[PDB]
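Below is one structure; the comments refer to it alone.
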Amino acid sequence: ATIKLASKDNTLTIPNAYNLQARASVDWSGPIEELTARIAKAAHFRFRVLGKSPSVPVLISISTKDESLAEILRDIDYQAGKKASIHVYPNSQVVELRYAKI
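With the authors' numbering as the guide, the letters of the sequence shown map in order to residues 37 to 42, 66 to 161.
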């Protein structure tokens, strides 16, 4: 993915973190894992996927001229719905993509 740096509740799963406050412009759609990994790298966070990537990839779309990486991640998380979830660990600085694959 590529970013231009300038109902499920995810309050505890995706809390705020300093590096995720950074603002960015994003115009992209495609594999959730691709953009999520790009955001994590951009925010200096480790990225890891838990579970197994679904047969049919979870696609998401982000169109914003200015948004925080944190809000973009929450947008992406919602879009994934029951198909997957994003966890953000502020102390260890890890972004986790968990495929709810069962």
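Backbone N, C-alpha and C fix where the C-beta goes; we use that ideal spot for every residue, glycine too.
Among the options, nearest to residue i - alpha-carbon criterion
| i | options | result |
| --- | --- | --- |
| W87 | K40, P116, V147, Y158 | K40 |
| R107 | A42, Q138, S144 | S144 |
| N78 | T70, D136, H103 | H103 |
| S84 | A37, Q152, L71, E92 | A37 |
| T70 | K100, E92, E130 | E130 |
| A101 | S151, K142, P116, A42 | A42 |
| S151 | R105, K142, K67, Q138 | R105 |
Residue i, enclosing beta strand (DSSP E) - first and last residue
| i | result |
| --- | --- |
| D86 | 82-90 |
| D125 | 118-127 |
| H146 | 143-148 |
| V115 | Note, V115: premise wrong, no beta strand (DSSP E); not H, not E. |
| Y158 | 153-158 |
Within 8 Å, strictly: CB atoms of residue i and residue j
| i | j | result |
| --- | --- | --- |
| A81 | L128 | yes |
| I73 | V147 | yes |
| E92 | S112 | yes |
| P90 | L118 | yes |
| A159 | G110 | yes |
| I121 | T95 | no |
| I98 | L132 | yes |
Residue i: CB within 7 Å of a non-hydrogen atom of the ligand GDP
| i | result |
| --- | --- |
| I73 | What this structure holds is no ligand at all, so the ligand GDP is not there to describe. |
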